[PDB]
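As structure tokens, the structure follows; a few thoughts come after it.
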Amino acid sequence: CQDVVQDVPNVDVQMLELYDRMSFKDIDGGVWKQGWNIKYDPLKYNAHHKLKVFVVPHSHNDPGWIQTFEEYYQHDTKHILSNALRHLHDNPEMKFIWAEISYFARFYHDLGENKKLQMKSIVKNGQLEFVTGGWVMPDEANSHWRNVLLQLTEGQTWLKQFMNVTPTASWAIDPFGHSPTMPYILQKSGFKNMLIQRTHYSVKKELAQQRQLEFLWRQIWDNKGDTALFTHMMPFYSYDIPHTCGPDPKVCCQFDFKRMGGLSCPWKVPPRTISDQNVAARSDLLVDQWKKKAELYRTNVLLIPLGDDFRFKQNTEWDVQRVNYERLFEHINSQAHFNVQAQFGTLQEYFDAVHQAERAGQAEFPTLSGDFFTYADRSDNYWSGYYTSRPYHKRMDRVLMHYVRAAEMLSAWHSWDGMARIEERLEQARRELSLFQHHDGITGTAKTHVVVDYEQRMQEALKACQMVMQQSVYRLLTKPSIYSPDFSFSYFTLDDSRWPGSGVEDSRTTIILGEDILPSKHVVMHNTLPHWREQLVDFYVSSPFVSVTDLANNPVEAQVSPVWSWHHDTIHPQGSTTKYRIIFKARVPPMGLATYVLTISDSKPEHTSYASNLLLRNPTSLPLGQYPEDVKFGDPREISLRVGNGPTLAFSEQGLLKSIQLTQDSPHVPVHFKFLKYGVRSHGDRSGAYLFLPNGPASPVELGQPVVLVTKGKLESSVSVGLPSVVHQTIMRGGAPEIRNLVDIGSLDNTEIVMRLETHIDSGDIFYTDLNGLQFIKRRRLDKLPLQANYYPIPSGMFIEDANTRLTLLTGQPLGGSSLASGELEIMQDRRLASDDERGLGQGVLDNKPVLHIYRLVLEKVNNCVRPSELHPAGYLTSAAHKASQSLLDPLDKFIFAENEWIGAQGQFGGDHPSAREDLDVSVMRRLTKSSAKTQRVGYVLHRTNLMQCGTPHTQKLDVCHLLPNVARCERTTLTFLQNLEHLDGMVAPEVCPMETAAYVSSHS
Ligand SMILES: O=C(NCCCCCOC[C@]12C[C@H]3C[C@H](C[C@H](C3)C1)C2)[C@H]1N[C@H](CO)[C@H](O)[C@@H]1O
Ligand SMILES: [Zn+2]
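If you count by UniProt numbering, then the sequence shown holds residues 94 to 354, 357 to 664, 669 to 716, 718 to 1053, 1056 to 1107, one letter each, in order.
Spelled out as structure tokens, the structure:
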């Protein structure tokens, strides 16, 4: 294994370093507004050194944006692919690339057998070429890497099954900035090349000037270059035809043959039919554009994309584009003075030719590390807004992410009879989640009715996962001698205390116990992580006199708290007189299950404690039915609370963290939570779904005298306050506290609510943010850039640190954030914007709705931690912050047995499963084979992160090939499971290096 801490990789372009140098001047460059006037020497080209031009037709199909997936399919995409099939069949030299497999499967499954064979023919002979072949073209800012892999795996498995093809070239023309997570996953999925478009205009200029638009993109920690993927960055403002032929859109627009009027050319010179009369002059103009574009790149091979949104719909558009380009190609190729060979081509064709030029020693390409956030398309129009837009669904993404892993893991242990419909359920679940990864899904940049479609699909997917999980649990914990399933029956319902949140939707079930009817209830906890976990769990119960046992009747220590809900004239808490929370510690095996029993008594049981409740405000009495401890009252004041050995938190009189004492000796380290607001510009560019354009720094929110509720218990205490737009909550269970914000922005139009942390941490201009929950990247605040350019994606966490102290905030949801000054962290909660931001959504964001945001706050000492070089572009979590992220993203699942009685019930599953080192995860367990198959196969994705070593190192070796019994073979595969990289002598899967991801398939006889 490489070391990813001590050795800094040496690369030609390190993006953080480049950002430090660059001046980012927005100077008028001419016809190319954000570059310069390109010059070429015309003697560069001659009969022995010619320009090879690949013109690559394409059609950018959004799986939802202005219309839903199904609306677009019917109005646009089904016509585009019909005409692709007809026109390419008839025109052998004509070519076309296709990215979005969601649309292509929809189409293909509706064809007659004859058309399917014709379609296979134009794919087999290379006319229609799939690029990337993911279900969607995903967002790269907010997306979790697991969901990036999910949507790629889904599209590629479809392509391999139905077209016998796996793309090795990726096409990503539309995501709003680009993550190095993509090459990381692609290069481990058999990919050899990738293309990107939406990078900062100043980055395009800078790289174009050095011919560094094509580069070997490696991970920021990779010394060796094993992760390197050949990347082509397109040079111009857009992927459309005006911005793809060359530097002068006014010329290029004239070679978009669909623009001959109800579309026109903004530059006011229309396209003209190519004729014998004009082909010489038209060709001179176009080749001059081609040759200017070629100056920006190192080979004599030129990529010319030919397409736009939902292009190639009309069969006449196929004609007018194909016929005019043929006449140009016929003239140009027959005229030696051009020294061009021009033809319709595919992306793979382009890349093969570029590597032939490299193999032949005509170019050597520079190395790059870093990301391409935050994207600006012009002036100060930074796309940091979509890091936060529609935060309800951003949260829902992470919840569905977990349920799909748990459903596929739980159901993977057994083959299922097809009458169970496990395969169907999981396919629906994978595809709805995969679709939401689209750059108009998770981004929150779609119209209101499309967001509603995405919500409804994710809701159906969650229900499908629940059905699979509860069937799997009943099977895993019922004696085989009794197990006799009704595949349509709910044996368990799922309890989830964090989605949607009782504050958002009053939807948790009360386990109703009574000494006559239902004295006891079985509950089950699932642990998807491959190590022993001991986590507090809670359930709603109809009486406070409840005791907890394992199935062996060993007593388990519990706490009962009241059920609090918040209400709005003044924002004040009310208690239930009818239901209570039972809280206890579940110990659950690796990738396993543990059963416990909730039992009623007439009175206080031996092993169950009751929290006190203190309501700080001019009081009036609050009953809690049979809850034995009466609510105490009082005036706002400062409070300290501690749970177990874990930290002591001090809170203000408005109920907001002002300090954390780690240990009993150590200091009360200042840590202030405050809510602020950004507004919208009155004159200038308006903030929208995409753009964050604040009218200067955030201004504090008037809290007034808010009602602060304090609940204090042996196992769990919390401080909650009803602030305007936010019920803020700090929960303590004996480690890093958990923060919950119930965010209701109401109709505070032209407002972005932010949450800031103020410390004395001497961070300076340095902060760290993660990319797709895979890696932490060093950010440097740049005073030379406006505020919105210092905002970055916070997909799963952010941190600051000096020589001694670190503060890490972990998120349960992707949101936008920064460190706008030394010892600060801030993360946006929600945004409501009256105005469109003129990127084609055609509305602002006025569909806000209550969301429950969840966080972990890890203050820790790092003076004794081995930290990377001051010159390393990466950061790494501590064990405590990694485990805290794990408790947000993949908590224990909770199952309440539905029936009065459970014959066959067992207490545990997975007792024998290995408990792997804390840095290793089984990201994916997925059975690859239906029952009717003599060889069963199960895929595993193993990720190993890298944690800062702090000199405090109980760990069985995990071999996923020996998890299921009767193994006949073990293969290391691509992360899609679609290719064998080795049959493993030993039938053992070996341990993977820090920051490595590897996939294995185990076979069974
Ligand atoms: O960018 C994308 N598509 C092309 C965009 C066309 C819409 C541009 O309208 C500009 C204006 C229309 C009217 C209202 C105002 C002022 C003028 C008139 C010009 C704005 C792609 N990226 C999108 C991201 O959401 C989407 O995933 C699409 O595939
Ligand atoms: Zn798009």
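Even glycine gets a Cβ: it sits at the ideal position worked out from N, Cα and C.
Beta carbon of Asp169: closer than 6 Å to some heavy atom of ligand 2? Working through the sequence shown from its first residue, we reach residue 169 at position 76. False, no ligand heavy atom lies under 6 Å from that Cβ.
Go to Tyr420, then tell me how far its alpha helix (DSSP H) extends in each direction, as first and last residue. Walking along the sequence shown from the start, residue 420 turns up at place 325. Looking at the DSSP string, the run of the alpha helix (DSSP H) that includes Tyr420 is 410-429.
Going along the chain, which unbroken runs of the alpha helix (DSSP H) with 4 or more residues stay wholly within the stretch 228-311? Contiguous alpha helix (DSSP H) elements confined to the stretch 228-311 occur at 238-256, 274-280, 294-302, taking only those with 4 or more residues.
Decide yes or no for the touch test of the stretch 530-540 against the stretch 484-495: beta carbon pairs closer than 8 Å, at least 3 of them. Contact between the stretch 530-540 and the stretch 484-495 is present, because at least three Cβ pairs lie under 8 Å.
Three Cβ pairs or more, each shorter than 8 Å: is that satisfied between the stretch 943-952 and the stretch 521-534? The stretch 943-952, when compared against the stretch 521-534, does not touch it at the 8 Å Cβ threshold.
Does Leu1083 come out as helix, strand or coil in the three-state DSSP assignment? For the purposes of this step, residue 1083 is taken as the residue at position 981 of the sequence shown. Strand, per DSSP.
Cβ of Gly940 within 6 Å of any heavy atom in ligand 1? Indexing the sequence shown from 1 puts residue 940 at position 840. Checking the Cβ of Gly940 against ligand 1 gives yes.
Excluding the 5 residues preceding and the 5 following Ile699 in the sequence, name in chain order all residues of the same chain whose CB lies nearer than 7 Å to its CB. In the sequence shown, counting from the first residue as 1, residue 699 sits at position 600. Take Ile699, set aside five residues on each side of it, and the residues of its chain with a beta-carbon closer than 7 Å to its own are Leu608, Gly609, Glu610, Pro614, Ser638, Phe640, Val641, in chain order.
Going by C-alpha to C-alpha distance, which of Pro886, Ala502, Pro736 sits closest to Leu756? Locating residue 756 in the sequence shown gives position 656, where the first residue counts as 1. Of the candidates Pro886, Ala502, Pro736, the residue whose Cα lies closest to the Cα of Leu756 is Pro736.
Does any heavy atom of ligand 1 sit closer than 6 Å to the C-beta of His142? Translated into positions along the sequence shown, residue 142 becomes position 49. The answer is no for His142.
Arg311 beta carbon less than 7 Å from that of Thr320: Counting from 1 along the sequence shown, the entry for residue 320 is found at position 227. Counting from 1 along the sequence shown, the entry for residue 311 is found at position 218. Against a cut-off of 7 Å, the Cβ pair of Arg311 and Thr320 comes out as a contact.
Output yes or no for whether 7 Å exceeds the beta carbon distance between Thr274 and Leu871. Counting from 1 along the sequence shown, the entry for residue 274 is found at position 181. Counting from 1 along the sequence shown, the entry for residue 871 is found at position 771. Taking C-beta atoms as the reference points, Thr274 and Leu871 count as a pair closer than 7 Å.
Quick one: is the Cβ of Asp155 within less than 6 Å of any heavy atom of ligand 2? For this step, residue 155 is matched to residue 62 along the sequence shown. Annotation for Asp155 indicates a beta carbon within 6 Å of some heavy atom of ligand 2.
Could you check whether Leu442 and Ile215 sit closer than 7 Å to each other, using their CB atoms as the reference points? Here residue 215 corresponds to residue number 122 of the sequence shown, with the count starting at 1. Here residue 442 corresponds to residue number 347 of the sequence shown, with the count starting at 1. No. Outside cutoff.
For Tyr635, three-class secondary structure by DSSP: Counting from one through the sequence shown, the residue named residue 635 turns up at place 540. Residue state, collapsed to three classes: strand.
Would you kindly work out how many angstroms separate the C-alpha atoms of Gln986 and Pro837, rounded to a whole number? Position 886 of the sequence shown, counting from 1, holds the residue named residue 986. Position 737 of the sequence shown, counting from 1, holds the residue named residue 837. Using only the alpha carbons, I get a separation of about 14 Å.
Residue range of the unbroken beta strand (DSSP E) whose run includes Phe587: Here residue 587 is taken as the residue at index 492 of the sequence shown, counted from 1. Element bounds for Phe587: 587-590.
Specify the secondary structure class of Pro365 as computed by DSSP and reduced to three states. Stepping through the sequence shown from its first residue, residue 365 is reached at position 270. Coil, per DSSP.
Can the beta-carbon of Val743 be found closer than 7 Å to that of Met832? Residue 743 sits at position 643 when you count from the first residue of the sequence shown. Residue 832 sits at position 732 when you count from the first residue of the sequence shown. Yes.
Whole-angstrom C-beta distance between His497 and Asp990, which should lie under 8 Å: The residue given as residue 990 occupies position 890 in the sequence shown. The residue given as residue 497 occupies position 402 in the sequence shown. Going by Cβ atoms, the distance from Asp990 to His497 rounds to 5 Å, so yes, they are a contact pair.
Can you find the residues in the same chain that come closer than 7 Å, C-beta to C-beta, to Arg931, ignoring five residues on each side of it along the sequence? For the purposes of this step, residue 931 is identified with residue 831 of the sequence shown, where counting begins at 1. Excluding sequence neighbours, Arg931 sits near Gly480, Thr483, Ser484, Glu852, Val945.
Compute the beta-carbon to beta-carbon distance between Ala889 and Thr469, rounded to the nearest angstrom, for a pair I have assumed lies under 8 Å. What you label residue 889 is simply residue 789 of the sequence shown in a count that begins at 1. What you label residue 469 is simply residue 374 of the sequence shown in a count that begins at 1. The pair is a contact, with the Cβ atoms about 6 Å apart (cut-off 8 Å).
Can you tell me the Cα-Cα spacing of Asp403 and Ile866, whole angstroms? If you number the sequence shown from 1, residue 403 lands on position 308. If you number the sequence shown from 1, residue 866 lands on position 766. Cα to Cα, the separation comes out at about 39 Å.
Exposure label - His1043; buried when at least 16 CB within 10 Å: Residue 1043 sits at position 943 when you count from the first residue of the sequence shown. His1043 comes out buried.
Cβ-based neighbour list, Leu144, same chain, cut-off 7 Å, excluding 5 preceding and 5 following: Sequence index remark: in the sequence shown, residue 144 carries index 51 (1-based). Counting only Cβ-Cβ distances below 7 Å, and skipping sequence neighbours, we find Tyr138, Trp385, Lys386, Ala389, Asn395, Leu397, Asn434, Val435.
Start-to-end residues for the beta strand (DSSP E) that takes in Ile894: By one-based count along the sequence shown, residue 894 stands at place 794. Residues 892-894.
Suppose contacts are defined by Cβ-Cβ distances below 7 Å. Is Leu988 in contact with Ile954 by that definition? Translated into positions along the sequence shown, residue 988 becomes position 888. Translated into positions along the sequence shown, residue 954 becomes position 854. In this structure, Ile954 lies closer than 7 Å to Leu988 by Cβ.
By DSSP's criteria, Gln372 is part of a beta bridge. Which residues make up the other side? Locating residue 372 in the sequence shown gives position 277, where the first residue counts as 1. According to DSSP, which records beta bridges pairwise, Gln372 is partnered with nothing at all.
What is the C-beta distance between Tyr891 and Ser863, in whole angstroms, given that I count them as a contact (C-beta under 8 Å)? Stepping through the sequence shown from its first residue, residue 891 is reached at position 791. Stepping through the sequence shown from its first residue, residue 863 is reached at position 763. Between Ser863 and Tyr891 the Cβ distance is about 16 Å, and since that is not below 8 Å, they are no contact.
Cβ of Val364 within 7 Å of Cβ of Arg422? For the purposes of this step, residue 364 is identified with residue 269 of the sequence shown, where counting begins at 1. For the purposes of this step, residue 422 is identified with residue 327 of the sequence shown, where counting begins at 1. Not a contact, by the Cβ cut-off of 7 Å.
Would you be able to state if there are at least three C-beta pairs under 8 Å between the stretch 239-252 and the stretch 296-312? Counting Cβ pairs under 8 Å, fewer than three are found: no touch.
Pop quiz: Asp203 and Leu463 are said to be a contact at Cβ under 8 Å. What is the actual Cβ separation, rounded to whole angstroms? Within the sequence shown, residue 203 is the residue found at index 110, counting from 1. Within the sequence shown, residue 463 is the residue found at index 368, counting from 1. A Cβ-Cβ distance of about 42 Å is found for the pair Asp203 and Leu463, leaving them out of contact under the 8 Å criterion.
Using the Cα positions of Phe147 and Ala452, report the straight-line distance between them to the nearest angstrom. For the purposes of this step, residue 147 is taken as the residue at position 54 of the sequence shown. For the purposes of this step, residue 452 is taken as the residue at position 357 of the sequence shown. Approximately 14 Å, taken between the alpha carbons.
For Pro276 and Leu322, the rounded distance between their alpha carbons: The residue given as residue 322 occupies position 229 in the sequence shown. The residue given as residue 276 occupies position 183 in the sequence shown. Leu322 and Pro276: Cα-Cα distance of roughly 6 Å.
Thinking C-beta only, is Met1097 closer than 7 Å to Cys1063? Walking along the sequence shown from the start, residue 1063 turns up at place 961. Walking along the sequence shown from the start, residue 1097 turns up at place 995. Going by C-beta atoms, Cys1063 is not nearer than 7 Å to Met1097.
How far does the alpha helix (DSSP H) with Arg179 in it extend, from its first residue to its last? Counted from its first residue, the sequence shown places residue 179 at position 86. First-last of the alpha helix (DSSP H) with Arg179: 171-183.
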